[PDB]
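Heads up: the structure comes next, in structure tokens.
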Amino acid sequence: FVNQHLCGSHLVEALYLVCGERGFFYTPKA
Amino acid sequence: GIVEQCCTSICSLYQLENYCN
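Order-wise, the sequence lines are chains B and A. Under PDB author numbering, the first residue of the first sequence is numbered 1, with each subsequent residue one higher. Under PDB author numbering, the first residue of the second sequence is numbered 1, with each subsequent residue one higher.
Below, the structure is given as structure tokens:
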């Protein structure tokens, strides 16, 4: 479900499902 | 950045996992 254009909340949502109990870091201004 | 790799262009599992801790 990740091989598509993921923007905004749609992206943050994917990182959450994928990273799991590891967590992740969202940086749009990188 | 992630937006330029997964938003303006198509995302991939390899890229997403780079942002997991």
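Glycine included, every Cβ here is placed at the ideal spot set by N, Cα and C.
Residue i to residue j span [Cα, whole Å]
{"i": "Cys7/A", "j": "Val12/B", "result": "11 Å"}
{"i": "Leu15/B", "j": "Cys20/A", "result": "7 Å"}
{"i": "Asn18/A", "j": "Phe1/B", "result": "17 Å"}
{"i": "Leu6/B", "j": "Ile10/A", "result": "8 Å"}
Start and end residues, alpha helix (DSSP H) containing residue i
{"i": "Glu13/B", "result": "9-19"}
{"i": "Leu13/A", "result": "13-18"}
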